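Let's start with one chain on its own, the form deposited in one PDB entry, as structure tokens.
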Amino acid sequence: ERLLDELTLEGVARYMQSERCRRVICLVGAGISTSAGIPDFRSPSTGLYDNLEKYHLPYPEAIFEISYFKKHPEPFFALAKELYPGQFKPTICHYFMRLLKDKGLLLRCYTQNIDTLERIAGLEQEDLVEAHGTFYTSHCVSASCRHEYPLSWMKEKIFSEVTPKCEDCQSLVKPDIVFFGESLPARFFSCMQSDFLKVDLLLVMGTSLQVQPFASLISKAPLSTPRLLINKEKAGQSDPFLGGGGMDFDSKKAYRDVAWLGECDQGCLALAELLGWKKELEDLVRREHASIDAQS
């Protein structure tokens, strides 16, 4: 009695073009931005922790902690300059979600990424739940002030190596990324409680589903909702060592979860092609990439 006629990408595409599939939630992570040249800073294999040197951190994780930032912001802002991407060109995967938006299918995109590429690709703040915050805006950290600053202002401070301070009150100005010791954006749980009542398809792209709050979203889907994972590696299965709601791709009881294992851009391209959207997607990506490349 399942909604997918077969547990494959072709099955998902037929479901998407059926009357039953109207609202798509995307869950996306660092794997949709690596092909844009932005490494996964949460991966230990990236080497963030060996890069930290002259910063006499009481513990390597201090550079992610809010209380350390507020007393000693200089290490963070030096790391931000070192890690600042050289260009912001969203991927095929980002523009695929813009197509979902254009066609009225996008309920929400939940993202673990801070790189703003979802917004550059044309998702609006209403479309987005940035589970780890974003560099897109910054705020003065004084509770009585909270003056907002755009990324252009923050970029200029970061590159000139001037610690950003509020023009109204001279407190520090912090990018709206969620540091250790900061609470999750309240919109995360509000949107989660409402969105998963309405979802017809969960599209999971470029995330290992290991880090909170993402490590629990797939269990919020209704039991019937198909869940497509487009990812280099299988993810989201129950961990046998910790004793549900996990991905079941391959058992005889599997009925709704599909894994497409490969590069995220190639999987999204394959899905768009099945849907008849390949020309639309190519035209959009090439136009937006050309526009970004021509920035003067």
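Position 1 is the first residue in the sequence shown; the rest follow in order. By rigid core we mean the largest C-alpha set that fits within 1.5 Å across both forms.
Of the other structures of this protein that model both sides of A36, every one gives it coordinates; not a third omit it.
Of the other entries compared for this protein that flank it with modelled residues, a third or more give no atoms for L242. Per the record, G243 and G244 are separated by 4 to 9 deposited residues that are missing from the model. The stretch with the higher mean CA B factor, choosing between 180 to 188 and 83 to 91, is 180 to 188.
Annotation for 40 to 48 versus 62 to 70: the higher mean temperature factor (C-alpha) is found in 40 to 48.
In the PDB entry, the Cα temperature factor peaks, among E280, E19, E288, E10, at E19. Take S194, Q170, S142, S160 and read off each C-alpha B-factor from the entry; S160 has the highest.
Sort the chain's modelled residues by C-alpha temperature factor and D239 lands in the highest third, per the entry. Placement of the Cα temperature factor of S251 within the chain: highest third of the modelled residues, per the deposited record. In this PDB entry, the Cα temperature factor of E53 sits in the top third of its chain's modelled residues, the highest group. Split the chain's modelled residues into thirds by C-alpha temperature factor. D200 is in the middle one. Annotation for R119: C-alpha temperature factor in the lowest third relative to the rest of the modelled chain, per the entry.
Omitted here: the form deposited in another entry. The next part is about that form.
Lining up the core between the shown form and the other one shows that one residue from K220, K89, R119, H72 moves its Cα 2 Å or more, and that residue is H72. In this overlay on the rigid core, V173 has a C-alpha that sits 2 Å or more away from its partner position between the shown form and the other one. With the core held fixed, the Cα of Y55 is displaced between the shown form and the other one by 2 Å or more. For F41, the Cα coordinates differ by 2 angstroms or more between the shown form and the other one after the core has been superposed. Note: the CA-CA distance for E126 and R146 expands in the other form relative to this form, by 3 angstroms or more.
Here's the thing about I120 and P150: their CA atoms end up at least 3 Å farther apart in the other form than they are in this form.
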